[PDB]
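First come two forms of one protein chain, each written alone as structure tokens, so that there is a structure 1 and a structure 2.
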Structure 1
């Protein structure tokens, strides 16, 4: 942080107080700051319905709010709480956009099935009543010292009730409510039962027109939520640390400001509404009070009673120093060799804990959620660190295209992407981060699917060795649930090629679309057929007998289940049956 210390020191025109130095150690961390990634993120093609990042319009009446986050470090120190708390964090993020949380995805990258990570995800989600609908279970010793835990949350919001994530005008106030504040993160055992009440309370305040802007409390606590709300609106704030409901009544002002206590929300509102907010909160049995005032002048003044605690420009907190970037010029696509990840069955794994509410049960790729009898969305998470380990550019890019395939195979049309950038050290290796970010930019360009939201985790490393570069893609699609194909007794075909050439990818797509439209069932898996598919087929009472083609690590083939032979402008070979 030294280069950034002298910058802050230059900007404040003195050494900083103690309070400042803590404010800044949180807001300019790489986690809150994105110093190495914000230029590359500006380069991504984006979407955000009518302004709102992370919200993608589905059908002119509803939108899906969706985002993926990582909780890697927390999960390595304490698997169960780490993972349970990252669910509670991501759920809260989607809540703040006004969306009722409908689905969880956990993408996991472990040297073994770490039970505590599995159950922390399961227990928390079960207790807030938000089901887990899919995710990834990627096993290899390569992640032995750095488990990756990326949780994706989604939910539905009406377009006429989207909550803005910023202040708009002086005179507004900021309410904080939810659990009380204690000395957390200066792992807390999040509670699901508090969070459920937070959900209901927030949605009820939304329904009455009370929320004009909102932002969940995460990293940085009151500090981030409140600086960010006004900073986005180009406004300032006076924040009154004494109004924050305490769980430890004898905390110092800096600890109130920076605490990372769970289940807390910020709500921007009119002062006339705040007392209704406060009343829904307490009804739920939440804590809450009016904590800050939105002021015109871009300062961020923090009071405790009438004692000044800190005052700095709002924009100086909000904008961490941006690192240079490296331009990356992709080369030729390599001959990949197999990096082995262990066969697992995510079916069996999750069954010490808690069939889902999707159109077709989990286990076959992409999950479809029903909004209306004839309206839905799909969701899937994918990554290819096996390929990315040998070629970061190409292996990343292929995860994105294989995401489109999974989305198409279920009948759905891709709408957007949320992505989680999991990486080693970008000071030491700046080019591999660039290959990763440029692979995500180009694959969005090539496929036409824009990025709605994302997250980054850098400095994932063990004794100077980095993890495999691991970008997990969560893609969202639009599909009518009445047109979703169910497994039935049928013939099985390999459709497509055993290897990969970029310029045929679009012809694979066009072929998956034709077949899905005639009502075929399709699997787009990277080793074509998994244990999870074979076991989920048994649930329907169906046995699959096939001779799987030999395929390259990167390929362009899918399996098509059909009573007739596919008729497409791509290679088609019949390889077995499923039945009985």
Structure 2
């Protein structure tokens, strides 16, 4: 950071003040500034045509707002609060895009079932009234001191009511509303989320939106007021004057820097016209929340922080918003290596959560235990959500392991009859200074798999420096794929014959032929499982919900394969290999 401090100093052309030291230590942290990934992110094919990240057109009438976020570091320190607060943060993120958060999909990676993590997510999810539609849960001792908590949230928003994630013109104002601001953010880095407040924050924000009051928005998370306001105006090439004496407080004797940087939970930034502001506060008050007009959007691209008439801070806004950028490494993929089988156990999400009185996937077209969460929006309209990763492969080869994870997310989406629309991604990695090439290999694999598949990146998250005594975690890119599907066309499991369709090993040049085979068979109403292990206990237990028994002879499969299980009355006719292996009956 001494390097960064020297950059800051050159840019300001003087010693930074106490407040600038605090402000930049947040904004230029890897968590906020993305110094090691920004360049890699610029090389990702992204969803242009969408005027905000995370929001993807579905049928011209509805979009889906979705994003995945990590909460690894808090969760290692306090599993329960870390996980619960993780859920609360990603809900606010989706909300800010203008969507009623309506679906949660968890991606958990741990040495063990950490009760506090499963319970923190369950309890919070139960209290906010937002359903868990699925979970990917992987168990490996390689994760013992660094559990990964990735949470994906989604919701539907009218195309005629999208919320911008920027300020738009000088003279707009910014309202901060929701929970009051305390001294929040080792145990000092843990915050206590409360779902009851966030539940009121959802209703109040959606009410504001409906009235036409929200002209832009951003959730408060890391960095608090500073992050939200600097970024709103930085994205619109504007400035802000922030009046800290106006933030509603929970502890009155806070110093201005403490108000600026507090990471108190359940807060929202709303950009509006100054004449709409008293109605916004009217609504927040009605919903038992705290609110005030806090910043003025200005034309000069300066970030000026006030406490009453006291200048707290003034810097160029684009200095805060653009952390120093670390050079990329050019990564060159060699041949696909042979993979070993590495011990990663899968846990049934529905089984694990059921113990904390928490349902998974109840309002879905088909159970997510079969591989993808399918949601009904209208009679002939819906979407799908898939969360997938292959850290067991990325361990051995980071590029190919990562690329396959993406390709397999496509298989899963096609398997329910859905067409891939977009990816949200969570990069979970160790130390990029120690190991630059691993990060490079991940980012390039994401870049090339998006290219190979035609599926763009909509949103994402990077969590770096996941280590214990310098031992890095397995490089884990969590892929969350959005797909489009007619729920009327989704196959349910039926008494049928089972076939292994494809090849027991992997060659990139035949993946698209498998996809074409899945598509064809899906169009004809076949039920299709696509899983690394081919068939799992989760599959078996899910079939029992339908009163069905599987008796199969599974083909021997490599750690990376190009096979799926197709359930149909008669033999699949496809330009891919087909072997009859058993039955599904009763």
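Take the two forms, superpose them, and find the largest set of C-alpha atoms that agree within 1.5 Å; that set is the rigid core. Numbering follows the first chain given and starts at 1.
Selected structure - the one that is the form solved in complex with adenosine-5'-triphosphate:
Note: form solved in complex with adenosine-5'-triphosphate is structure 1; the other is not.
Can you tell me which of these residues, 294, 443, 346, 176, is the one whose C-alpha shifts by at least 2 angstroms between structure 1 and structure 2 after a rigid core fit?
Meeting the 2 Å or more criterion is only 346.
Residue 537: with the rigid core matched between structure 1 and structure 2, does its Cα shift 2 Å or more?
Residue 537: C-alpha displaced by less than 2 Å between structure 1 and structure 2.
Residue 34: Cα shift of 2 Å or greater between structure 1 and structure 2 (core-aligned)
No; residue 34 is a residue whose C-alpha shifts by less than 2 Å between structure 1 and structure 2 when the cores are overlaid.
For residue 62, is the C-alpha shift between structure 1 and structure 2 2 Å or more after core superposition?
After core superposition, the displacement of the residue 62 C-alpha between structure 1 and structure 2 stays below 2 Å, so no.
Rigid-core fit: what Cα movement does residue 563 have between structure 1 and structure 2, in Å to one decimal?
Displacement of the alpha carbon, after core fit: 1.4 Å.
Would you look up how far the C-alpha of residue 135 moves between structure 1 and structure 2 when the rigid core is overlaid, in angstrom?
The alpha-carbon displacement, core-superposed, is 2.1 Å.
I need the CA movement of residue 413 between structure 1 and structure 2 once the rigid core is aligned, reported in Å.
Comparing the two forms, residue 413 shifts 0.3 Å at C-alpha.
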